[PDB]
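Take a look at this single chain in structure tokens; it is the form deposited in one PDB entry.
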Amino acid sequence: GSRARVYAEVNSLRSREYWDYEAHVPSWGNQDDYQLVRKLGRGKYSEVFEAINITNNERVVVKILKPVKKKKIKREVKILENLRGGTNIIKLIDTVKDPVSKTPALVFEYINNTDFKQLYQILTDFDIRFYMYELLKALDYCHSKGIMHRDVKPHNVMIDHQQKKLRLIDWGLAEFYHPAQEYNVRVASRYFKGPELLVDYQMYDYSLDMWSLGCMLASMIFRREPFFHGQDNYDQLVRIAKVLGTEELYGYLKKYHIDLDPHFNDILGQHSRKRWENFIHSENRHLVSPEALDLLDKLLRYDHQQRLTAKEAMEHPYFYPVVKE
């Protein structure tokens, strides 16, 4: 049907215990060592707090897990253990529980994050290349470890713009890649969902994350954030098709024998593929180069199998100034 071009056998070549997260038994330390200081965010499965470890004064972030399947908890914990030491992946310091209620929580290194909405309107050309390269290091690492993140978006990419530190966070949707496995398409954020998800194609792979990264790159170089701003999941595909083209969508569907929900017939319209140069204007032109556009064109493609891998993207000339520095 479809297979990843890279890392397709990673998990099968490793011990079963590497990927069989349902069999993983975490060691749960004592949350009483941590003092919560301030709320940093909430999702439907967790709430996140800045905290201090009272035994050593370390500032950390505590993610308290709430209406969370025990299976989903094991999945996230095992994935984070497997990613230990990976470049630009958030460091899991410990897995802890309230010793009375037994509610589990994850303790992460602290990052002093710069608000992305303001940041993405003031990045320089070099900054964009630099941070995209840093994020690619994280994705190549997790892909090489047999793991798809499945929720790449600005809110999950912490950037300390003072120290030039980037971390990919929130591995709660991440999954192990096994060839031919059919996955749930209800992953990622609307604006960052790949076309495969929007057309209900379940045999996807690491390349989903490369679509999401391409969406981020487009928003940075063009300053339209989010770049593809759908009103719902149906409109999200329409917004993509208005740029990539409708005939081109149909060729992708045909290649993979994908059935299209007939509600799309009355909303997709007919759209030519647009040149990426159409998005250049006086305020973003200093961020756009031929290299940037060539890279973007090779990421924001319908055909997931023909998108650049994270490594291929890192090798692209767009990043040569970063490597040289």
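So that there is no doubt, residue numbering starts at 1 and follows the sequence shown. Basically, rigid core = biggest C-alpha set you can superpose within 1.5 Å across the two forms.
**Q** Once you work out the mean C-alpha B-factor for both 149 to 157 and 245 to 253 from the entry, which is higher?
**A** Per the deposited B-factors, the answer is 245 to 253.
**Q** Would you mind comparing 53 to 61 and 40 to 48 for me and telling me which has the higher average C-alpha temperature factor in the entry?
**A** For C-alpha atoms only, the mean B-factor is higher in 40 to 48.
**Q** So if I compare the CA B-factors in the entry for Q163, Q202, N88, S207, which one is the largest?
**A** By C-alpha B-factor in the record, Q163 ranks first.
**Q** Would you mind finding, among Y234, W171, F228, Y183, the residue with the largest C-alpha temperature factor in the entry?
**A** Result of the comparison over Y234, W171, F228, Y183: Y234.
**Q** Determine, from the deposited record, the chain-internal third of the Cα B-factor for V77: lowest, middle or highest.
**A** It belongs to the middle third of the chain when residues are ordered by C-alpha B-factor.
**Q** Please place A8 in the lowest, middle or highest third of its chain by C-alpha B factor as given in the entry.
**A** Middle third - that is where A8 ends up once the chain's C-alpha B-factors are sorted.
**Q** Grab the CA temperature factor for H24 from the record and place it in the lowest, middle or highest third of its chain.
**A** Ranked within chain, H24 CA B lands in the highest tercile.
**Q** Could you place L119 in the lowest, middle or highest third of its chain by Cα temperature factor, using the values in the record?
**A** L119: CA B-factor falls in the highest third of its chain.
**Q** Among all modelled residues of this chain, ranked by Cα B factor, put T103 in the bottom, middle or top third, i.e. lowest, middle or highest.
**A** Tercile = middle for this residue's CA B-factor.
One more form of this protein should be noted, the form deposited in another entry, which is absent from this view; the next part is about it.
**Q** Report the residue, chosen from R285, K70, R42, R275, for which the CA moves 2 Å or more between the shown form and the other one after the rigid core is overlaid.
**A** By this measure, the answer is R42.
**Q** For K102, state whether the C-alpha moves by 2 Å or more between the shown form and the other one after rigid core superposition.
**A** Yes, shifts by 2 Å or more.
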